[PDB]
Amino acid sequence: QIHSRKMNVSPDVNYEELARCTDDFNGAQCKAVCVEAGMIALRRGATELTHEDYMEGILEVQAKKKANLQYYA
Amino acid sequence: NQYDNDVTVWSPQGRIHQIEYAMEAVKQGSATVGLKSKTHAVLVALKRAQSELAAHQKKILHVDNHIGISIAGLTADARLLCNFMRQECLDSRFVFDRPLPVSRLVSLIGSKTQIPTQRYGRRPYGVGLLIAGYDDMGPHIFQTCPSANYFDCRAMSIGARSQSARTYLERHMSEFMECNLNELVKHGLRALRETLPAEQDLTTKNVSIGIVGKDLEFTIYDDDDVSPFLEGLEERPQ
Amino acid sequence: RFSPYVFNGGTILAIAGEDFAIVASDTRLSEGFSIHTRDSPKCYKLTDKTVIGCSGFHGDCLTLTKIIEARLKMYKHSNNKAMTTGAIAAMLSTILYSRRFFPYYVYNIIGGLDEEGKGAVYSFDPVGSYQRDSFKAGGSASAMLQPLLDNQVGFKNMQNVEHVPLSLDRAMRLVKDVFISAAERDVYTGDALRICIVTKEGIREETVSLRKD
Amino acid sequence: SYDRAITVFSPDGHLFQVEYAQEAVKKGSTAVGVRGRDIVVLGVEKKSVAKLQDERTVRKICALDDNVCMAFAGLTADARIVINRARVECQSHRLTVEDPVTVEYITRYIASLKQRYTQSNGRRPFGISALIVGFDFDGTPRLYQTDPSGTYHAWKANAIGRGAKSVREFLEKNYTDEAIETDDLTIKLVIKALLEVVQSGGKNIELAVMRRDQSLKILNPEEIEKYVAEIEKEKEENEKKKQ
Amino acid sequence: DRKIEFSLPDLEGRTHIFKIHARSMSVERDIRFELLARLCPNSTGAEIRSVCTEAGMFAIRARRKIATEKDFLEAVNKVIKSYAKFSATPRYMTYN
Amino acid sequence: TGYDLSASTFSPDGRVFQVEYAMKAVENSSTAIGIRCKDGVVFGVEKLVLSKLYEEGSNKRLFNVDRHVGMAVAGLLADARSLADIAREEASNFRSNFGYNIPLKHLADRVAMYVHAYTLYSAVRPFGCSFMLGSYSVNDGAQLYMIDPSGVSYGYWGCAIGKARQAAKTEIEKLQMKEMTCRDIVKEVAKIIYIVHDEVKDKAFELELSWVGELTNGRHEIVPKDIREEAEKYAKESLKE
Amino acid sequence: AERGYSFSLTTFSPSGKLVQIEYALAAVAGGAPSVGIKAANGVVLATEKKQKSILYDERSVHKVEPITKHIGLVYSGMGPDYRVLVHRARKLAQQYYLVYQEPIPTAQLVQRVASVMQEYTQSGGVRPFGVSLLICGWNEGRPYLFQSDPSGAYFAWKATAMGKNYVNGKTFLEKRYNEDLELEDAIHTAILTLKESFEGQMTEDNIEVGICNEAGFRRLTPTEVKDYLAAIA
Amino acid sequence: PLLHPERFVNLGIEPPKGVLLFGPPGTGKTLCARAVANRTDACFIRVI
Amino acid sequence: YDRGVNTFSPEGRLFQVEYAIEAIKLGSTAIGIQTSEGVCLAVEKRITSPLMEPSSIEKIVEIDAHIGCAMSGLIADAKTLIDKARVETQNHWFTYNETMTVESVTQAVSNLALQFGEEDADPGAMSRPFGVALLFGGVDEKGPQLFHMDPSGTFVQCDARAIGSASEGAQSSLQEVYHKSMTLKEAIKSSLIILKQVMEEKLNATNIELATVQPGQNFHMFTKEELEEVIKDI
Ligand SMILES: Nc1ncnc2c1ncn2[C@@H]1O[C@H](COP(=O)(O)OP(=O)(O)OP(=O)(O)O)[C@@H](O)[C@H]1O
Ligand SMILES: [Mg+2]
């Protein structure tokens, strides 16, 4: 919520949830999330951050290899 | 990076990596919700298909006539822990002539998944359970982890993008105690509909519902037994 | 010194109609010369269209019921259906044979509807062999009852008679008679009588009263 | 004891132990095998003799059974452990089934003994390849070839071990039905194939034939020198098609 | 801030990369580049550069002026099977 | 370097590092305090609620190891439930062969000695779990022991375990306790918990309490609901003031 | 608890050496000097006793043990590994004596004790033993002196040294050993060749001597050694 | 961000600085950088 | 650099099992199409010489007279599975006396899929996962069904699957040519068209195996004669 203020975010966003979504994150990674959300809103072609952008930023700034066999649920 | 190759090593920070990881096997699995009332417990699971020509893998596994589970993780491990529970509930019929009460069943899974997180070169079971049972204490839900902990819940969700459900369930946790049976399943679906992408919806070919109640031995619904619950369902607008 | 069996009497009987399966047994559980209890059916419903009748040493009836009633569930989880009568009969044979060197002491009469929708009855010995029959009695009065079914249901040693199938009405009143006639001459038959009719609509149970002597 | 996992999957999707055992075959000796209609000839190149060794203990063509013989190329040590278990199997089968082993069946058991060793704890793979050769209960000829993996195919002709890629290139063009029409033409096909990968003439090729319902004869060195004279005689009467 | 993984290409990629390197050399009419990609397992982009070189080589070694369908299957055999004996990708792939 | 990959490796310093780390996994758990008085023992766990989704008062950290022996744990909870079964199993083999409730001095030395066997080999991992055994008898009084990962047991008059181990040991040193009836202690325990807890590092908490002493006739229960409320009211008042 | 390792720790190196045995022989060469001298009617086993204060009680341990009525040991190297081999030897001797009713010959006992030490260079999860045993014995009319090495080998000697400065002592013995000695020097000459490697003053409680004649092996009482230490006997 | 710095400041964000390329040898970590090296048309300073 | 056989990737799934999947992409191609008329299994032999007998290659094996199978991957590792399948189906016939549902057999084979374990087992357990994917096609009381079973133990029913070194390519051409209303003669002809593109050599009567399993028949492998007749039509 401290690095969002610089930009336009919808009232949709729910910081309570995102915080619980991330884990083991540093101040440096939380910072990076907002950076990445804004970067996903730049590609999509909008000017607001929705709750969905932050969700895909977390997936991005979170270290995660390209595991395309994750279909054994 | 050397503290990740066994369950046997602790990390300087005071964790164990191999147990942390195993739990990422659960977040790869397919969303699933579980909530209760005071007369019914319900397991609503979002099945998944890995192709266009292919059926969907079963998320809800029948255990006994008052216990269901919903897996999420390696399926080969989920049927290794399901055969052990089926075997624990046939041990109780056969010795005590009663149903094994769920609280004492989840305590055996707890004793058997603890073991291989402390022996060399064995791994944790890469599967998380939701255990919906009903005995002489009303309904229960139990979430099991690969760490070997477990919890008594009033309404839990695991799998992928489960966090989106957990919030929906945490705003409505007050309303659940007063629902009739059909009203409850509506909640579960509306919670499970928040775990999808925004582009698709719940159909009859990728939803699985499991109901256990006071007078109703645990059943499972698929395909066209699920239609009496999607029909009537609210529309989810963006 | 120690004798691991005792003979607890009990008489079991079963007729396979053409869309119905009777399985009927007295309830007197007796040991030696005392009468332990007067009610204790020898009939356990297994599926929705399968009754089994155990009679003999009552310590083994209880075990052999819980074993079948378990390997019945176990089967259902792996195959996602219930077992047919035709299968239980085969399975029970193996179980029995598993203990070929300290055997069960249980005479088993399975009766239910196989797949087509017809009466089927299977008769076991103690060590586990079975054929399919149209009626078998077993147990203590097995030698009282077997000739009155060979005659009424089998028409054996008769001539110039009809052979119109067995009516659900002529069966039950047939059973009720042969048991009233075995309670006169056999000392292990009496008190009550569970008749289990097994149609395609479930399983009814009818209770009739025999002589308590 | 010593419960370790020797063979695990690569990340590339191989098994490096069963691929390394493939090299212990390539450092072996050439052996070929052609099947006729009444005769099957497998020859192993190099007796390995140094004018001091006996030719009775360096043999690489053993006989599992009476209608079944086997040549190998790899680690002589391992091969003797397989051959033994094979000979046991060949008698265990005469006890329980009256007929003698067929040649498929004693192979499927040599292969299945080698596959289990690349998927059990403690063990390295068997580092041998094999030509199992024989006649069935119907006089039919058969030629099977195994390898460390524990797979097996039949062949019409085949070579294993060192220099086997070259010898397979010679048998593609020369194995027809203008050859192997007689017992004399089938032995000459094998020798003519090992002469391409032996650098010391014919006095270095041990060669064993099996003939229909009779037992394995190893051709003494005199008969092989006679056949090598007919080969070299035939490359000077190909000078009637160059003139 | 952003970590980009360069995993080994898949089937679809390979097919693409053969076109990027072979289009420049003379090839007979009908080369199944999609079959040279089924025929590659998990290959580096730089393994496929090498294949195309050798398909060119056999054409040069034999004095023909055009690489054929055979020349690839042969040069794809040489460069992958043999040389894969001592590849980086197997071992170096866990540190990745 | 390579002195932490095994429990079977002393370091040059002189100390097994794998046991050190285990003990630090305890320090990152919520706090549990024990305090023995002259006619009973009272237990206190600072159980955090991490969501509103977990059912209330469930998945406890207060086991019954025997019909007169509490066990309050801290640290990695999975390994705790494992010990609580090894202990039940010992305190059954002891009633079997010797025919009388096992004495807590011995049940402790036997559960420590079992934890210790797990710091010797490389084939196993030392338990991440410190825990207190309380007990009351009329032939031995109250006794309170505390075990840890090392495999050490020590008699105590009070102690604490977990992330506020330091702040809570103060509150008990500033407390007379060899003179108070059981009934008066429970008020103290609640008050101590409330002090040592941070709601600026955690959300909220549920206060778990256990008798075992003269009140209950040598059994071990959980404090009845009414007395638990009274101890929470008297604890908010000492934070107001 | 555990299972145990299964894989040998003694392994060949590119040289063709078993590095572990090479090292365990260097432990042997740190140990207290020991000499052995076959006489012509007895064997003498003398050894530099260990101590490093006046607090130790120099009669509570013994570096010269009896294995049988007709056998003896001293050792050079690690003291714990010596109590293990002395104890597997005494049992070997008792199985042999239980089957043949006859005291185990000394050639036999060394050949078996050696095969125990050979088992620990090819067993799972162990290190070789850290000692060299010098086994005397007097059977069948003769005396015998052997020496087994942590390798497992064993060599009959007519006189030898082990432990610290065992290259200086094998030379010193090479000259001073002329067969047909009486039993009483081997003692004298033995004690001398301990002195060629010992710094300080020898006393009756500072070395240990054991003889081994037809009458049977026996440790020499402290009094007895004090007399041979007239440096003239 | 170097060709069109106007669209990142109008939204009100700040694009990210560094980028780590990693992969098995010979998968275009350098190639993909030889690429950006010329097309970028902005000062390019590579250290080995 | 070495780890266990049972290590989780920090990503989230088992190192070995993720690897054993790659061993499939080296194997031949198999295509199974499920119809109302029956199941067909088509798998290319992939002979490597002209000297090999194109007949001692078996990549379709009978499990019982109503449950076919097709292997792709390391055909050596299938030998252990196939034989457990048979002895499974027979034991189920020796006790319950009746055929076995196709699904149940594939479940009983998949319980071995995760069973390696360097230690804490027998001196006889597997050390490494199986390197092989299967296509059990059979006909029982649910009519025809076709299951796909990979080295992860995850089996699932398919209407039409392709595996092997043309899983990607063929799977996409099945989605365009499959539909509920087929007969068995349409499918056998449909698959061999897909199987003719993804092979490397020309499609002979010696380069495939066909099998079918139909309600009114047994498992029935097509011989070299009958194959000539359906390649004539293409
Ligand atoms: N995706 C690709 N497209 C086209 N060519 C590629 C690709 N990947 C690799 N190559 C080829 O591989 C060659 C070398 O690749 P490059 O050197 O960039 O790999 P790298 O990641 O830098 O490896 P290294 O770690 O050895 O430096 C290039 O010249 C190029 O032809
Ligand atoms: Mg580079």
# chains A, B, ... in the order shown; residues from 1 in each chain; ligands from 1
call {"tool": "residues_near_ligand", "arguments": {"ligand": "ligand 2", "cutoff": "9 Å", "atoms": "only C-alpha atoms and all ligand atoms", "output": "PyMOL selection string"}}
result
chain H and resi 25-31+33
call {"tool": "residues_near_ligand", "arguments": {"ligand": "ligand 1", "cutoff": "9 Å", "atoms": "only C-alpha atoms and all ligand atoms", "output": "MDAnalysis selection string"}}
result
(chainID E and resid 6 8:9 13:14 16:18 20:21 44:50) or (chainID H and resid 21:34)
call {"tool": "residues_around", "arguments": {"residues": "range 89-100 of chain F", "least_positions_apart": "5", "cutoff": "12 Å", "atoms": "only C-alpha atoms", "output": "PyMOL selection string"}}
result
chain F and resi 64-69+82-84+105-114+137
call {"tool": "write_last_selection", "arguments": {"atoms": "N, CA, C and O atoms", "output": "mmCIF file, in the first residue's frame"}}
result
data_model
loop_
_atom_site.group_PDB
_atom_site.id
_atom_site.type_symbol
_atom_site.label_atom_id
_atom_site.label_comp_id
_atom_site.auth_asym_id
_atom_site.auth_seq_id
_atom_site.Cartn_x
_atom_site.Cartn_y
_atom_site.Cartn_z
ATOM 1 N N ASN F 64 -3.065 -34.619 26.632
ATOM 2 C CA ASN F 64 -3.008 -35.509 27.778
ATOM 3 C C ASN F 64 -2.086 -36.656 27.406
ATOM 4 O O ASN F 64 -2.373 -37.421 26.482
ATOM 5 N N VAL F 65 -0.965 -36.738 28.097
ATOM 6 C CA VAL F 65 -0.045 -37.834 27.888
ATOM 7 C C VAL F 65 -0.428 -39.013 28.759
ATOM 8 O O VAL F 65 -0.216 -40.166 28.371
ATOM 9 N N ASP F 66 -0.999 -38.745 29.926
ATOM 10 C CA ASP F 66 -1.623 -39.781 30.726
ATOM 11 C C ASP F 66 -2.733 -39.148 31.545
ATOM 12 O O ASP F 66 -2.917 -37.930 31.553
ATOM 13 N N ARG F 67 -3.481 -39.999 32.235
ATOM 14 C CA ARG F 67 -4.625 -39.557 33.020
ATOM 15 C C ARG F 67 -4.241 -38.670 34.208
ATOM 16 O O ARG F 67 -5.121 -38.309 35.002
ATOM 17 N N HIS F 68 -2.971 -38.304 34.370
ATOM 18 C CA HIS F 68 -2.590 -37.357 35.408
ATOM 19 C C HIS F 68 -1.308 -36.621 35.011
ATOM 20 O O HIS F 68 -0.492 -36.252 35.860
ATOM 21 N N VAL F 69 -1.121 -36.392 33.714
ATOM 22 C CA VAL F 69 0.110 -35.799 33.216
ATOM 23 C C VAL F 69 -0.191 -34.920 32.014
ATOM 24 O O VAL F 69 -0.388 -35.423 30.901
ATOM 25 N N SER F 82 3.819 -36.264 17.602
ATOM 26 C CA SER F 82 4.514 -37.540 17.535
ATOM 27 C C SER F 82 5.035 -37.932 18.911
ATOM 28 O O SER F 82 4.877 -39.080 19.340
ATOM 29 N N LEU F 83 5.647 -36.987 19.623
ATOM 30 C CA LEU F 83 6.104 -37.272 20.975
ATOM 31 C C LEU F 83 4.947 -37.632 21.889
ATOM 32 O O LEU F 83 5.048 -38.565 22.693
ATOM 33 N N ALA F 84 3.832 -36.914 21.770
ATOM 34 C CA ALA F 84 2.698 -37.159 22.649
ATOM 35 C C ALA F 84 2.165 -38.577 22.520
ATOM 36 O O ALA F 84 1.437 -39.033 23.407
ATOM 37 N N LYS F 105 8.801 -38.075 37.464
ATOM 38 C CA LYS F 105 10.253 -37.969 37.395
ATOM 39 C C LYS F 105 10.804 -38.934 36.356
ATOM 40 O O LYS F 105 11.763 -38.613 35.645
ATOM 41 N N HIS F 106 10.191 -40.109 36.236
ATOM 42 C CA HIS F 106 10.654 -41.166 35.350
ATOM 43 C C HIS F 106 10.122 -40.999 33.935
ATOM 44 O O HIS F 106 10.878 -41.150 32.967
ATOM 45 N N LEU F 107 8.828 -40.700 33.794
ATOM 46 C CA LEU F 107 8.274 -40.460 32.467
ATOM 47 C C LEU F 107 9.056 -39.384 31.731
ATOM 48 O O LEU F 107 9.175 -39.435 30.504
ATOM 49 N N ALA F 108 9.567 -38.387 32.449
ATOM 50 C CA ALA F 108 10.400 -37.365 31.824
ATOM 51 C C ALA F 108 11.716 -37.964 31.341
ATOM 52 O O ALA F 108 12.043 -37.896 30.154
ATOM 53 N N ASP F 109 12.483 -38.569 32.250
ATOM 54 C CA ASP F 109 13.774 -39.125 31.868
ATOM 55 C C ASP F 109 13.657 -40.113 30.722
ATOM 56 O O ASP F 109 14.637 -40.327 30.000
ATOM 57 N N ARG F 110 12.489 -40.724 30.542
ATOM 58 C CA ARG F 110 12.331 -41.682 29.461
ATOM 59 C C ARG F 110 11.985 -41.003 28.142
ATOM 60 O O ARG F 110 12.354 -41.505 27.077
ATOM 61 N N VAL F 111 11.278 -39.875 28.190
ATOM 62 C CA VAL F 111 10.944 -39.159 26.965
ATOM 63 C C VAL F 111 12.108 -38.288 26.521
ATOM 64 O O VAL F 111 12.262 -38.015 25.331
ATOM 65 N N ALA F 112 12.925 -37.809 27.456
ATOM 66 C CA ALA F 112 14.154 -37.134 27.063
ATOM 67 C C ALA F 112 15.109 -38.120 26.414
ATOM 68 O O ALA F 112 15.688 -37.846 25.358
ATOM 69 N N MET F 113 15.268 -39.288 27.036
ATOM 70 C CA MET F 113 16.201 -40.273 26.519
ATOM 71 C C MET F 113 15.788 -40.746 25.135
ATOM 72 O O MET F 113 16.641 -41.156 24.340
ATOM 73 N N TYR F 114 14.497 -40.695 24.823
ATOM 74 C CA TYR F 114 14.060 -41.027 23.473
ATOM 75 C C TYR F 114 14.341 -39.899 22.490
ATOM 76 O O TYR F 114 14.646 -40.168 21.322
ATOM 77 N N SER F 137 0.461 -35.668 42.083
ATOM 78 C CA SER F 137 0.119 -36.827 42.878
ATOM 79 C C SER F 137 0.079 -36.391 44.328
ATOM 80 O O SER F 137 0.615 -35.345 44.701
#
call {"tool": "atom_distance", "arguments": {"atom1": "CA of residue 154 in chain I", "atom2": "CA of residue 125 in chain B"}}
result
15.2 Å
call {"tool": "atom_distance", "arguments": {"atom1": "CA of residue 230 in chain D", "atom2": "CA of residue 36 in chain D"}}
result
19.4 Å
call {"tool": "closest_residue", "arguments": {"among": "D:8, D:179, D:18, D:224", "to": "residue 20 in chain I", "atoms": "only C-alpha atoms"}}
result
D:8
call {"tool": "residues_around", "arguments": {"residues": "range 4-9 of chain A", "least_positions_apart": "6", "cutoff": "10 Å", "atoms": "only C-alpha atoms", "output": "PDB file with C-alpha atoms, in the first residue's frame"}}
result
ATOM      1  CA  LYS A  31       7.883  -3.326  -3.793  1.00  0.00           C
ATOM      2  CA  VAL A  33       4.934  -6.580  -7.056  1.00  0.00           C
ATOM      3  CA  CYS A  34       3.399  -3.123  -7.478  1.00  0.00           C
ATOM      4  CA  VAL A  35       6.095  -2.487 -10.095  1.00  0.00           C
ATOM      5  CA  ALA A  37       1.267  -5.008 -11.607  1.00  0.00           C
ATOM      6  CA  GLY A  38       1.725  -1.605 -13.236  1.00  0.00           C
ATOM      7  CA  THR A  47      -4.687   2.814 -16.849  1.00  0.00           C
ATOM      8  CA  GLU A  48      -5.966   1.296 -13.596  1.00  0.00           C
ATOM      9  CA  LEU A  49      -4.637  -1.573 -11.537  1.00  0.00           C
ATOM     10  CA  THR A  50      -7.316  -4.163 -10.852  1.00  0.00           C
ATOM     11  CA  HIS A  51      -7.092  -6.948  -8.326  1.00  0.00           C
TER      12      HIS A  51
ATOM     13  CA  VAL H   9       5.385   8.263 -16.689  1.00  0.00           C
ATOM     14  CA  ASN H  10       1.816   8.992 -17.851  1.00  0.00           C
ATOM     15  CA  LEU H  11       0.556   5.837 -16.132  1.00  0.00           C
ATOM     16  CA  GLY H  12       2.610   6.834 -13.097  1.00  0.00           C
ATOM     17  CA  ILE H  13       4.837   3.769 -12.626  1.00  0.00           C
ATOM     18  CA  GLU H  14       8.580   3.212 -13.006  1.00  0.00           C
TER      19      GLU H  14
END
call {"tool": "decode", "arguments": {"residues": "range 27-48 of chain A", "atoms": "N, CA, C and O atoms", "output": "PDB file, in the first residue's frame"}}
result
ATOM      1  N   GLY A  27      10.521  -6.630   1.846  1.00  0.00           N
ATOM      2  CA  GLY A  27      10.163  -5.306   1.382  1.00  0.00           C
ATOM      3  C   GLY A  27      10.562  -5.083  -0.062  1.00  0.00           C
ATOM      4  O   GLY A  27       9.890  -4.349  -0.790  1.00  0.00           O
ATOM      5  N   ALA A  28      11.653  -5.720  -0.500  1.00  0.00           N
ATOM      6  CA  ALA A  28      12.105  -5.560  -1.876  1.00  0.00           C
ATOM      7  C   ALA A  28      11.205  -6.300  -2.852  1.00  0.00           C
ATOM      8  O   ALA A  28      11.062  -5.874  -4.004  1.00  0.00           O
ATOM      9  N   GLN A  29      10.598  -7.405  -2.424  1.00  0.00           N
ATOM     10  CA  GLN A  29       9.721  -8.139  -3.327  1.00  0.00           C
ATOM     11  C   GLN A  29       8.331  -7.526  -3.370  1.00  0.00           C
ATOM     12  O   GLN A  29       7.760  -7.359  -4.454  1.00  0.00           O
ATOM     13  N   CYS A  30       7.767  -7.185  -2.211  1.00  0.00           N
ATOM     14  CA  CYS A  30       6.494  -6.476  -2.198  1.00  0.00           C
ATOM     15  C   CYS A  30       6.577  -5.234  -3.072  1.00  0.00           C
ATOM     16  O   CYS A  30       5.693  -4.972  -3.894  1.00  0.00           O
ATOM     17  N   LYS A  31       7.649  -4.459  -2.910  1.00  0.00           N
ATOM     18  CA  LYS A  31       7.883  -3.326  -3.793  1.00  0.00           C
ATOM     19  C   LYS A  31       7.798  -3.758  -5.250  1.00  0.00           C
ATOM     20  O   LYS A  31       7.086  -3.149  -6.054  1.00  0.00           O
ATOM     21  N   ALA A  32       8.508  -4.832  -5.599  1.00  0.00           N
ATOM     22  CA  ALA A  32       8.540  -5.296  -6.981  1.00  0.00           C
ATOM     23  C   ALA A  32       7.158  -5.672  -7.498  1.00  0.00           C
ATOM     24  O   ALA A  32       6.893  -5.523  -8.698  1.00  0.00           O
ATOM     25  N   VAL A  33       6.275  -6.176  -6.630  1.00  0.00           N
ATOM     26  CA  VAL A  33       4.934  -6.580  -7.056  1.00  0.00           C
ATOM     27  C   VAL A  33       4.268  -5.385  -7.719  1.00  0.00           C
ATOM     28  O   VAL A  33       3.997  -5.409  -8.924  1.00  0.00           O
ATOM     29  N   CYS A  34       4.003  -4.337  -6.936  1.00  0.00           N
ATOM     30  CA  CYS A  34       3.399  -3.123  -7.478  1.00  0.00           C
ATOM     31  C   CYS A  34       4.052  -2.729  -8.798  1.00  0.00           C
ATOM     32  O   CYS A  34       3.364  -2.418  -9.775  1.00  0.00           O
ATOM     33  N   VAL A  35       5.387  -2.745  -8.844  1.00  0.00           N
ATOM     34  CA  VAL A  35       6.095  -2.487 -10.095  1.00  0.00           C
ATOM     35  C   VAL A  35       5.554  -3.389 -11.192  1.00  0.00           C
ATOM     36  O   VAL A  35       5.306  -2.949 -12.321  1.00  0.00           O
ATOM     37  N   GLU A  36       5.386  -4.671 -10.881  1.00  0.00           N
ATOM     38  CA  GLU A  36       5.006  -5.614 -11.917  1.00  0.00           C
ATOM     39  C   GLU A  36       3.537  -5.484 -12.283  1.00  0.00           C
ATOM     40  O   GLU A  36       3.173  -5.608 -13.459  1.00  0.00           O
ATOM     41  N   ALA A  37       2.669  -5.266 -11.299  1.00  0.00           N
ATOM     42  CA  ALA A  37       1.267  -5.008 -11.607  1.00  0.00           C
ATOM     43  C   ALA A  37       1.157  -3.883 -12.627  1.00  0.00           C
ATOM     44  O   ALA A  37       0.604  -4.064 -13.716  1.00  0.00           O
ATOM     45  N   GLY A  38       1.711  -2.714 -12.294  1.00  0.00           N
ATOM     46  CA  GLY A  38       1.725  -1.605 -13.236  1.00  0.00           C
ATOM     47  C   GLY A  38       2.266  -1.986 -14.600  1.00  0.00           C
ATOM     48  O   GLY A  38       1.837  -1.437 -15.619  1.00  0.00           O
ATOM     49  N   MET A  39       3.215  -2.924 -14.641  1.00  0.00           N
ATOM     50  CA  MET A  39       3.773  -3.369 -15.913  1.00  0.00           C
ATOM     51  C   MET A  39       2.801  -4.266 -16.668  1.00  0.00           C
ATOM     52  O   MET A  39       2.840  -4.318 -17.903  1.00  0.00           O
ATOM     53  N   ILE A  40       1.936  -4.986 -15.952  1.00  0.00           N
ATOM     54  CA  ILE A  40       0.923  -5.805 -16.607  1.00  0.00           C
ATOM     55  C   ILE A  40      -0.261  -4.948 -17.045  1.00  0.00           C
ATOM     56  O   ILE A  40      -0.951  -5.286 -18.014  1.00  0.00           O
ATOM     57  N   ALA A  41      -0.525  -3.844 -16.343  1.00  0.00           N
ATOM     58  CA  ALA A  41      -1.555  -2.914 -16.789  1.00  0.00           C
ATOM     59  C   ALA A  41      -1.077  -2.094 -17.979  1.00  0.00           C
ATOM     60  O   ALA A  41      -1.898  -1.609 -18.766  1.00  0.00           O
ATOM     61  N   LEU A  42       0.238  -1.925 -18.124  1.00  0.00           N
ATOM     62  CA  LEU A  42       0.767  -1.223 -19.285  1.00  0.00           C
ATOM     63  C   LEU A  42       0.627  -2.073 -20.543  1.00  0.00           C
ATOM     64  O   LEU A  42       0.292  -1.557 -21.614  1.00  0.00           O
ATOM     65  N   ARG A  43       0.862  -3.381 -20.431  1.00  0.00           N
ATOM     66  CA  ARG A  43       0.721  -4.263 -21.585  1.00  0.00           C
ATOM     67  C   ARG A  43      -0.740  -4.432 -21.975  1.00  0.00           C
ATOM     68  O   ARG A  43      -1.095  -4.330 -23.155  1.00  0.00           O
ATOM     69  N   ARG A  44      -1.600  -4.713 -20.996  1.00  0.00           N
ATOM     70  CA  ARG A  44      -3.003  -4.971 -21.293  1.00  0.00           C
ATOM     71  C   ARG A  44      -3.656  -3.783 -21.989  1.00  0.00           C
ATOM     72  O   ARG A  44      -4.581  -3.964 -22.789  1.00  0.00           O
ATOM     73  N   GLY A  45      -3.198  -2.570 -21.701  1.00  0.00           N
ATOM     74  CA  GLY A  45      -3.727  -1.381 -22.330  1.00  0.00           C
ATOM     75  C   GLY A  45      -4.691  -0.570 -21.494  1.00  0.00           C
ATOM     76  O   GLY A  45      -5.448   0.223 -22.062  1.00  0.00           O
ATOM     77  N   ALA A  46      -4.697  -0.740 -20.177  1.00  0.00           N
ATOM     78  CA  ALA A  46      -5.545   0.042 -19.290  1.00  0.00           C
ATOM     79  C   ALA A  46      -4.698   1.074 -18.554  1.00  0.00           C
ATOM     80  O   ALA A  46      -3.494   1.214 -18.786  1.00  0.00           O
ATOM     81  N   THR A  47      -5.352   1.809 -17.659  1.00  0.00           N
ATOM     82  CA  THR A  47      -4.687   2.814 -16.849  1.00  0.00           C
ATOM     83  C   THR A  47      -4.935   2.618 -15.366  1.00  0.00           C
ATOM     84  O   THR A  47      -4.398   3.386 -14.558  1.00  0.00           O
ATOM     85  N   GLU A  48      -5.729   1.626 -14.988  1.00  0.00           N
ATOM     86  CA  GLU A  48      -5.966   1.296 -13.596  1.00  0.00           C
ATOM     87  C   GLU A  48      -5.417  -0.089 -13.298  1.00  0.00           C
ATOM     88  O   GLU A  48      -5.380  -0.967 -14.165  1.00  0.00           O
TER      89      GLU A  48
END
